[PDB]
Amino acid sequence: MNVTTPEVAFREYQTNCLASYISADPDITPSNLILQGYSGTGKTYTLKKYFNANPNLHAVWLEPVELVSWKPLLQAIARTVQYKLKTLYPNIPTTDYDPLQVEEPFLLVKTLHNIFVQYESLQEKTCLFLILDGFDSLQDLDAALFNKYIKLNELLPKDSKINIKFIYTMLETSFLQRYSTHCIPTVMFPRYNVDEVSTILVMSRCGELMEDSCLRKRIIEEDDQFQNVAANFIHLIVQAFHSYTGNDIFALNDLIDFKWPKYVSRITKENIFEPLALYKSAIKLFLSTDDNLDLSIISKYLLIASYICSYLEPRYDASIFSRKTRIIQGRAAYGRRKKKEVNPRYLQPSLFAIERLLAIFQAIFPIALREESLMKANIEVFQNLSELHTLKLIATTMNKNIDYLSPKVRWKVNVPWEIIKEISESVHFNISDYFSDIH
Amino acid sequence: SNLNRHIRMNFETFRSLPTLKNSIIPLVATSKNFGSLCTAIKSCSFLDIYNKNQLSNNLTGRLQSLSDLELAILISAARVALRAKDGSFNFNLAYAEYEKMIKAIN
Amino acid sequence: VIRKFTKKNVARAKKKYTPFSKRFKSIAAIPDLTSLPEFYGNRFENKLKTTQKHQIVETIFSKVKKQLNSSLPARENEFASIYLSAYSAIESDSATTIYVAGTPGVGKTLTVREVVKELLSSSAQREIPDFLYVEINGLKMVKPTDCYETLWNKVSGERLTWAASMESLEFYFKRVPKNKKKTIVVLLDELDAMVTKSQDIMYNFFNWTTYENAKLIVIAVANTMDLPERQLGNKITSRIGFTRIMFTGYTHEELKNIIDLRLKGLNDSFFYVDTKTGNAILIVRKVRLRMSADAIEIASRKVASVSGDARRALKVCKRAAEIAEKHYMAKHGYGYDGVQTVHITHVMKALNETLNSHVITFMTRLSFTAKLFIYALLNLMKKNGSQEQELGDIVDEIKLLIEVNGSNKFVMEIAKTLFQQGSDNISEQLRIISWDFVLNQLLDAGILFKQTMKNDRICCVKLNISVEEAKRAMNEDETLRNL
DNA sequence: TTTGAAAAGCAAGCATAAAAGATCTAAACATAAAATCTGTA
Ligand SMILES: Nc1ncnc2c1ncn2[C@@H]1O[C@H](COP(=O)(O)OP(=O)(O)OP(=O)(O)O)[C@@H](O)[C@H]1O
Ligand SMILES: Nc1ncnc2c1ncn2[C@@H]1O[C@H](COP(=O)(O)OP(=O)(O)OP(=O)(O)O)[C@@H](O)[C@H]1O
Ligand SMILES: [Mg+2]
Ligand SMILES: [Mg+2]
């Protein structure tokens, strides 16, 4: 094995494994190789480092997440293999094949056979590394797809000068553990710890931070010192938000990008050599994450009534809403005896009928011989209810081909408690008084 | 010897020669000279490093990568699921259990 | 133009669309189709030929194995019935359906082909008029409508698509007069394979036999006698008819006669065997070949008990000859380039490997982890009797069996391997080492069934094999039966 | 001011309706090579 092992920080074992498995000689190279790790574990980075440190190796890079389905992946394999072989050996006359003729895995076998037989004039046998970076990120994935790819090498010719070698990257452990009896060589990429995450963030971000335009305009408005400023900012970001992000390089990069100009704007002539004074000058940046971005009155009260109908049992409604004077002798409801133990708004909503929702809407809506001050259910109320179903603030048991007029169809609220809380605060309705006495 | 110990362990767990070959190949390939190869085959310490790496992304190894807040949310969800009859839970119940543990600790 | 998708591998045959009813202006315009150079049958073989550079050593058992290959002593009444019906319907120029059913290998296709051969010999003697024989096998068709493409191509020589072929055959059988026609005998083999949902093909083929001008003999070979009652309608069952011919599986005496007829000239005969190579010549040593009548009798009785299938009896005899020839070639070291007997021991060994089960001896040769999995699964079936066990319960019960028999010598040596792979730098694991490997291995073996679930704990697992043979394989192990 | 008692509420049990979705098929939408019609030269 004659190959270069690049120095990749905190991935020395993985780089030594890549040097063990990936070589230009097809006899001592596995037909399939798996890199497995979760998001941001530096799989793509160290494969890039290995192939740039060994430019004599011939690698083809594919992204299955851009191809979604199996047939575009087969067509992409044929197209990129043929284009790479065209630019690798320009002095070899080749018959071009259309990648859109590949519609089956067998058609891919036939097309690769036809592409590879016009290169037998080459002297040495040669690996062509086809890298499927993100195989399990394919959107139409099923369990039978990977078996075709790992048995694909047995159908290609054995004495060919060009020998395809598959390198896959996988995200999830369970998908990989589906195929464990195939005994494919695997290199695992465990998640970084917080010190490795901080070192990677410093060595990847301090150069871009210390030649940022905001810092360079701030120092003329008010190199190693700027490096220490950016590194101290990165360490403060890590210690403030490592519990929030976990060991996530991307999320911490986004937080650094959001909070760096607001940190730079608080830098004065007194703050540069005093990191503590600069930290108390910008304390509000390190206390909250800050990663975030007109309904009608009838629609608001219908949403409030639907939330009540979803999260209150209908046997007790007469013990809350009934207020009329009884000409006829009649006993109102006694009310609920025992409180609930679990807050019912933590659970999924219950389903109700239309007339119950209209009853509670009439009971909670704001207001003599010929007045009848209660609002009856006219067409504007039903139009607002239909729009509320259109926006999915309310929902039904059926999602497609809905019989709105069916008595079998029942309705539920589809908003969380914070949304109905802000809505009730917009119309000064005390919705929290309706749930205070029940648990 | 260490080689016979690793072969015995494979015999009682995997009983697969390709599984053993996949570990032996980077033991040979990462050796830089003949003395390093003889030391590597006498000690078989690279087989232990390989075995540790093959288990690094499982449920045990993924747990040790979690932050303290992630571990707290996972513990709260687990005890809510253990208290449930069907083992089901959501974000609200797990958050309620989490704030009960934070005020009980504080 | 910009397409929404492409069909770049379309392979379309050169088949015309116009049916036979528009081939001439009138019915009277139709010529005599027998005096037409394309009707009624009026290149790849050499590509599988090469030159032989050696001399194949045929040993003394090679002629026995060659004569025992599949390439009419027990079918007289079936032959006579089929031949009499076909002879009567051909010589009087009528159309009929003959129905034949039976289990595999009972001589259905062979008897029908012999009947057709004898009818062709009788038509070559000018005792019955000429006819065209067509063989349509429903399992050799890609599409079921291709039989329409086949039969019409055998009749006219044209190549049409299937619907035009069906209209052409309908017009031919119904309207073309008998003086311009030839009789057609059609063998519809594997008749169940041409059964479709709409059953139009079955109706058309059996309804053309009811036409007065058809001159069509349809011999339908089936697998069950109750195929029209189970799968077909009343209309097709009425057209097939009440008379149906059953091909019973062979008794052991007829299998004995079949095997003796394949070995009439070889058995109890002498060969000149060359001891330098092994090549034997049928009439240097003079060696008599013998196969036992007791061996043939016990193989025939076994086969007649199972199926009465002549393919199985010939294959059992050929396997016994192969076993004896392998032992003979091993003991003499001959290669491929005074009495040789194939005995009842070879016949019993041929009969035993088809009746031996590898499932128990597969399970007894697994690793300790797979056997521990199966043992814990059987323990959970004993505990609750559900017959489907969640995988998390299997994990917990494996852990329980490890921590309960902890003072056992083998278990206290296995625990570090199972949970840390013999390494101090490896944390204690929630699954045992090779848990996924033995789970997937038992799934690929077909020992296990696993539901399609994404939560690994509540996913259920079921035995696909019988429980008592799993228990026998578990009690075969030394460690598991002691704890 | 009491009474008490009939209405209201709780709760275990169990048959049953219904939600969710696995599996599948019809129909609209779409492409295409060979054959066949069609208006001229
Ligand atoms: N060892 C490292 N040294 C330096 N920088 C690193 C290292 N590992 C990761 N990084 C940085 O983190 C970035 C994210 O890593 P990378 O894209 O390789 O992750 P991944 O595991 O392939 O992710 P995904 O599955 O989301 O594609 C890299 O582009 C690089 O800037
Ligand atoms: N009476 C017989 N005499 C000699 N050989 C026979 C006889 N019957 C069957 N065989 C042998 O067995 C073979 C199987 O017979 P055949 O093809 O007719 O079976 P079948 O009933 O059509 O079965 P399947 O339903 O499987 O097609 C024959 O080709 C021949 O070698
Ligand atoms: Mg990546
Ligand atoms: Mg047959």
Side-chain angles (χ1 to χ4, degrees), chain A residues 6-15 35-50 61 63-65 131-137 168-172 188-192 196-205 207-208 247-253, chain B residues 57, chain C residues 67-76 78-79 100-115 137-140 187 189-193 219 221-224 245-251 254-264 303 307-315 317-318:
Chain A
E7 253 312 355
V8 181
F10 322 113
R11 303 278 89 159
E12 283 86 32
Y13 176 79
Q14 286 84 7
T15 319
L35 280 63
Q36 190 265 317
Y38 289 88
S39 184
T41 48
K43 299 194 302 293
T44 301
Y45 177 80
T46 198
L47 200 55
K48 244 65 145 143
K49 285 301 149 173
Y50 185 80
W61 282 85
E63 298 337 294
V65 79
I131 301 166
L132 299 195
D133 198 353
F135 188 89
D136 61 356
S137 290
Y168 312 93
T169 75
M170 287 166 186
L171 271 163
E172 289 164 33
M188 278 72 165
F189 284 77
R191 303 184 82 218
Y192 296 115
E196 306 163 356
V197 158
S198 145
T199 309
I200 284 161
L201 282 178
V202 166
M203 75 203 280
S204 61
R205 291 313 281 310
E208 290 175 349
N247 286 297
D248 196 345
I249 299 185
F250 308 123
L252 284 164
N253 271 326
Chain B
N57 284 332
Chain C
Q67 264 321 90
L68 279 167
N69 279 332
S70 293
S71 294
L72 214 64
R75 300 289 182 205
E76 297 56 46
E78 297 88 1
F79 186 92
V100 162
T103 47
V106 298
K108 296 183 303 282
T109 302
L110 188 66
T111 304
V112 176
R113 275 179 188 157
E114 232 53 51
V115 159
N137 188 294
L139 282 175
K140 299 187 183 306
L187 168 62
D189 217 340
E190 329 292 325
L191 179 83
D192 55 286
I219 299 170
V221 169
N223 60 2
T224 55
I245 303 172
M246 207 285 144
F247 270 60
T248 310
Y250 295 111
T251 71
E254 325 161 301
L255 295 168
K256 221 286 192 303
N257 306 140
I258 283 165
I259 289 140
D260 299 334
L261 221 33
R262 308 299 197 88
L263 302 169
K264 177 173 279 292
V303 165
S307 38
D309 183 334
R311 266 183 214 118
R312 193 104 290 290
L314 292 157
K315 267 155 193 189
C317 290
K318 194 216 298 146

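Side chains included, hydrogens not; waters and symmetry mates left out as well; all remaining heavy atoms used. Note on naming: letters A, B, ... go to the chains in the order of the sequence lines (proteins, then strands), and numbering restarts at 1 for each one. Counting starts at 1 for both ligands and their atoms, in listed order.
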- Task: For the residue pair C:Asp309 and C:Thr103, establish whether any side-chain heavy-atom pair is separated by less than 4.5 Å.
- Result: no
**Asked** Below 3.5 angstrom, do we get any N/O pair linking A:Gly42 and ligand 1?
**Response** yes
Exercise for the section: Tell me, please, if A:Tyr45 has any N/O/S atom, main chain or side chain, under 2.8 Å from the Mg ion (ligand 3)? Expected result: no
Under 4.5 Å between any side-chain heavy atoms of A:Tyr192 and A:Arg11, yes or no?
yes
When distances are taken from atom 29 (O) of ligand 2, the protein heavy atom at minimum range is C:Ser70 O, 3.8 Å
Contact region, C:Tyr250 to ligand 2, non-hydrogen atoms below 4.0 Å, reads side chain
Notebook entry, point to check: Looking only at N/O atoms, are C:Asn69 and ligand 2 under 3.5 Å apart anywhere?
Noted result: no
- Query: Short N/O distance, under 3.5 Å, between A:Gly40 and ligand 1?
  - Reply: yes
Using a 3.5 Å cut-off on N or O atoms only, is A:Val8 in polar contact with ligand 1? no
Are any of the protein's heavy atoms under 4.0 angstrom from atom 6 (C) of ligand 1, yes or no? yes
N/O separation below 3.5 Å, C:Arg75 to ligand 2
no
Heavy-atom proximity to atom 14 (C) of ligand 1 ranks first, among A:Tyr38, A:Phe10, A:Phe189, A:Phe250, for A:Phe250
### A:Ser204 N/O to ligand 1 N/O under 3.5 Å
no
closest protein heavy atom to atom 13 (C) of ligand 2 is C:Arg311 CG, 4.1 Å
Ligand 2 and C:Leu110, any nitrogen or oxygen pair closer than 3.5 angstrom?
yes
If we number the atoms of ligand 1 from 1 as shown, the ones under 4.0 Å from a heavy atom of A:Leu171 are 25 (O)
At under 4.0 Å between heavy atoms, what of A:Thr41 touches ligand 1? The answer is both
### Message
I'd like to check whether C:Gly105 has a polar contact with ligand 2, where a contact means an N/O of the residue lying under 3.5 Å from an N/O of the ligand.
### Response
yes
Note to self: Would you say atom 20 (P) of ligand 1 makes contact with the protein, given that contact here means a non-hydrogen protein atom less than 4.0 Å away?
What the structure shows: yes
Return a yes/no value for C:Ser71: is any of its N or O atoms, backbone included, closer than 3.5 angstrom to an N or O of ligand 2? no
The closest protein heavy-atom partner of atom 30 (C) of ligand 2 is C:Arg262 NH2, 3.4 Å
Atoms of ligand 1 under 4.0 Å from any heavy atom of A:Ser39, numbered from 1 in the order shown, are 25 (O), 26 (O)
Ligand 1 and A:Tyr192, any nitrogen or oxygen pair closer than 3.5 angstrom?
yes
* Asked: Do C:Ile258 and ligand 2 have an N or O pair less than 3.5 Å apart?
  -> no
Tell me whether ligand 2 is touched by C:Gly102 - counting only heavy atoms on the residue side and a distance under 4.0 Å.
no
Ligand 1 atoms nearer than 4.0 angstrom to some heavy atom of A:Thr44 are 18 (O), 22 (O)
